[PDB]
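In: Below is the sequence, then the experimental coordinates.
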Amino acid sequence: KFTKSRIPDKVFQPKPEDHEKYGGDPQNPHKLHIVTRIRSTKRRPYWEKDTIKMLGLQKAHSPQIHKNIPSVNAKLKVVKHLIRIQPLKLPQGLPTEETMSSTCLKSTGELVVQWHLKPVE
Amino acid sequence: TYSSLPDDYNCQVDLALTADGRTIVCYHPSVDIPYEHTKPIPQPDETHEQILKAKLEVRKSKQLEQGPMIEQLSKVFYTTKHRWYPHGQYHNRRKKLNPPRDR
Amino acid sequence: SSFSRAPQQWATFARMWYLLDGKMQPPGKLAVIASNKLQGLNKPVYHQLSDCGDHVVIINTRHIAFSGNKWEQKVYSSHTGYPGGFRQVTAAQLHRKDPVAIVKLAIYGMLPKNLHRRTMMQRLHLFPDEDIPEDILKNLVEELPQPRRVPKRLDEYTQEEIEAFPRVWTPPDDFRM
Amino acid sequence: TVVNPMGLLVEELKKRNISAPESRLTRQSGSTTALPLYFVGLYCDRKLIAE
Amino acid sequence: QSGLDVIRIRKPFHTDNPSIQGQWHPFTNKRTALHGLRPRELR
Amino acid sequence: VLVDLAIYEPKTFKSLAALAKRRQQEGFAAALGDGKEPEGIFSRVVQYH
Amino acid sequence: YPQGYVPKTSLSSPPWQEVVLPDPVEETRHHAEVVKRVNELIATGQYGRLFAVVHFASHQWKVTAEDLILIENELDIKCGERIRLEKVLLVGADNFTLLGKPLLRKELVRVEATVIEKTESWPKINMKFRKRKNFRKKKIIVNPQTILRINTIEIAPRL
RNA sequence: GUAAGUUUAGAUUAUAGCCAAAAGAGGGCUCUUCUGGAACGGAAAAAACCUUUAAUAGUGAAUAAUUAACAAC
Ligand SMILES: [Mg+2]
Ligand SMILES: [Mg+2]
């Protein structure tokens, strides 16, 4: 019988080498997730179909911002195989009311607050 | 000799980056064929009709029939016989009288 | 550039004569090159409705080479259409009867399976040895590089080349050899 | 519409005090067939002017 | 609109000068030979 | 567009071929370089922001 | 014989032949000289027809003066009104070409076009396959179209 | 994290499935339970396996799955 699966907790306990490989500090954890759907929920069980709609990942390759909190993470673990999770990064800080209209999310995962479309010079 | 392609057949290639690094400039003058790389014209022996007639010489039974004629034509132009046969009147009347022309 | 309309069209769609030497060459590699030129797939103006193919002349087809034991393992099959008319011949046997058959059959399979394949085969000229008719020679425009680089025999190696290679081991004095 | 373009060319080059062009066969394909292509280049002082 | 018939248009682009450097022909990108000798020609 | 240049701008297309081969050779050297060698002249990327 | 020396054999060396790139210092001097030569050609006006590759709408067009382009959408421009095409990826002449990375600067290239006709496409039939297909389960798509005549391609000595 | 749910009023049709993968029970079928599927792409042809959020016009682009694989001391 195909049934919902409970992952052993050890999977989500990282190793020191993992931090070096992915360049993430176990302290000062990132706040927001960048999640994109990269696989189809067709031929997947209905519970996986449900969460994908709950998380807003109905369209593929379109990023959604989510909270890095345990309750959200629990849903993400259900569909971990159908998504790519990337840490949202703010090189120039949070966007303000002035810069809210000039932002751009780069493929690197960085949300720049000034987007000029000009050579760096 | 900085170009990675030989300059001796089509054109000389000079690739350069502008000091800013935002444009790529290509200087490509054409190569002329050297005089020593040419042959003299065979002056002693011409319209393409004359060449055609000699190839399609009428030798046997004056005008040849379709079969023998088509085999002669096929060999001359390196085609098969099937190309040379006519078509019926369904296809002939379907053909456009004034096909569109581009420049 | 600067040509009249008709001469420019004639030049662009003119057909070229190429020469392949098949000595010590695998037929399949020869087929890949010939099948490319026959279709016209070597031209930027290629179109399936343009009939832009070229003439390919292959010589020394008697002296082709097979890798492995394909001479004895590759079998060509034909049927006359009458009961009991099924024939199976090995590559060596087919080569003995017709030196040119092997190259032609390899090319035939590689061309598209349509009516234009028959026309393309008319433009293919296969000669078992180096001798070519004088007219075919005059048409030739270019020769093509051999797909396979032929290894050299011991006698071909120069005396200087032999010395360049080191003597890896020394035979002892007390040896019959 | 000009007939005999070679005659005109010869006159023009004379006006420019240029030597009479020499015709030569630059490129050649399938000469003995019924569909031959010829490239002929006019050479002046061993310099190509037109092909 | 212009009065030209509203029917299928074969190409989205029309130009009377498609080339500036010369239209490709099979001899473009082929190197010439000394004395214009074709392959296998003895001279 | 690359087809239009090949058919009608053969001299320009040869420049693209030389540029493509030029960049390809730099990549071969770079991989063997191990990163100590400086980056190729044509391998530089114009940044945007 | 140095350490790690292998006598020449079929597999001793890679099939490819390694190539030696010219040293950067000399190349840069030549690069500047090449750029200077081309700039003079632009400055002295030693060129004829120019052809440019332009990104307009969602497509790239090989463009030359007097050319006609068809755009499969409305543009919001009146007929007969002149326009500047602003995304040029390539501008070319008989003897030289300039390539953007990815776009040429406004100082170099100015391409001007005019709107000649605003029209609609001919009726295109859109009929899907379904049970009980029928002849009337059909849609006609007609799309607005714009025709632009390329007027000029100009370059300036600002390399 | 998300936007459905309960109740009132009205109403038909339906009440023989098919195949794949798991767990059983009768002993390859035959049953019961749980999951998935119905390409215009792929696996050669291929309802059911795999890639695939609907529907469009374009002579643009990045991709998915993707029948192939490299004889003995
Ligand atoms: Mg239906
Ligand atoms: Mg495959």
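Out: Okay, I see it. Residues are numbered from 1 along each chain as shown, chains lettered A, B, ... in the order given. Ligands and ions are numbered 1, 2, ... in the order given.
In: Can the longest helix along chain F be said to contact chain D?
Out: The residue-count maximum for a helix in chain F (DSSP state H) belongs to helix F:10-33. No. Taking C-beta under 8 Å from any C-beta of the partner chain as the criterion, helix F:10-33 and chain D are apart, separated by no less than 14.9 Å. The way it works is simple: take the backbone N, C-alpha and C, and place the C-beta from them, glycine included.
In: Counting neighbours, what do you get for residue C:37?
Out: Neighbours of residue C:37 under the rule other C-beta atoms under 10 Å in any protein chain shown: 23.
In: Distance-wise, check it relative to residue C:51.
Out: Note on residue C:37: its distance to residue C:51, by C-beta to C-beta, to the nearest Å, is 14 Å.
In: residues contacting the residue nearest to residue C:52 when sequence neighbours are not counted?
Out: Distance criterion C-beta to C-beta, 6 or more residues apart in numbering or on different chains; nearest residue to residue C:52, sequence neighbours excluded, is residue C:40 at 3.6 Å. Contact analysis of residue C:40 by C-beta atoms under 8 Å, 6 or more residues apart in numbering or on different chains lists C:46, C:50-54.
In: Not counting sequence-adjacent ones, nearest residue to the residue of chain C found nearest chain E?
Out: In chain C, the residue that lies nearest chain E is residue C:1 (3.6 Å; C-beta to the nearest C-beta). Nearest residue to residue C:1, sequence neighbours excluded (C-beta to C-beta, 6+ apart): residue E:22, at 3.6 Å.
In: Checking my notes, that neighbour in a strand, right?
Out: No. The assignment for residue E:22, made by DSSP: H, G, I helix; E, B strand; the rest coil, is coil rather than a strand.
In: wait, it sits on residue F:12?
Out: No. Judged on C-beta atoms under 8 Å, residue E:22 makes no contact with residue F:12 at a distance of 11.0 Å.
In: More neighbours: which of these two?
Out: Comparing residue E:22 with residue F:12 by neighbour count (other C-beta under 10 Å), the higher total belongs to residue F:12, at 25 against 17.
In: mind checking how far the more buried one is from chain B?
Out: 7 Å (C-beta to the nearest C-beta, to the nearest Å).
In: tell me the contacts of that residue?
Out: Here residue F:12 is in contact with B:26, B:28, E:21, F:5, G:90, G:92, G:97 (C-beta under 8 Å, 6+ apart).
In: which SS state does the fifth one fall under?
Out: Secondary structure, three-state DSSP: residue G:90 is strand.
In: which bits of chain A sit near chain B?
Out: Residues of chain A lying near chain B by C-beta under 8 Å from any C-beta: residue A:119.
In: can you tell me if stretch E:10-26 touches RNA strand H.
Out: Yes. Against RNA strand H, stretch E:10-26 shows contacts by C-beta under 7 Å from any atom of the strand at E:10-13.
In: Report the separation between the two terminal residues of that stretch.
Out: Distance across stretch E:10-26, first residue to last, is 27 Å (C-alpha to C-alpha, to the nearest Å).
In: spatially speaking, which residue is in the middle of chain D?
Out: Geometric centre of chain D, nearest residue: residue D:42, 3.4 Å, by C-alpha atoms, centre = their mean.
In: That one touches residue D:26, doesn't it?
Out: No. In this structure residue D:42 lies outside contact range of residue D:26 using C-beta under 8 Å: 9.9 Å.
In: what is in contact with the two at once?
Out: Joint contacts of residue D:42 and residue D:26 (C-beta under 8 Å, 6+ apart) are residue D:51.
In: Residue 42 - how many residues pack around it?
Out: This is for chain A. 6.
In: ah, I was thinking of chain F
Out: 18.
In: hang on, residue C:77 in a strand?
Out: Yes. The assignment for residue C:77 by three-state DSSP puts it in a strand.
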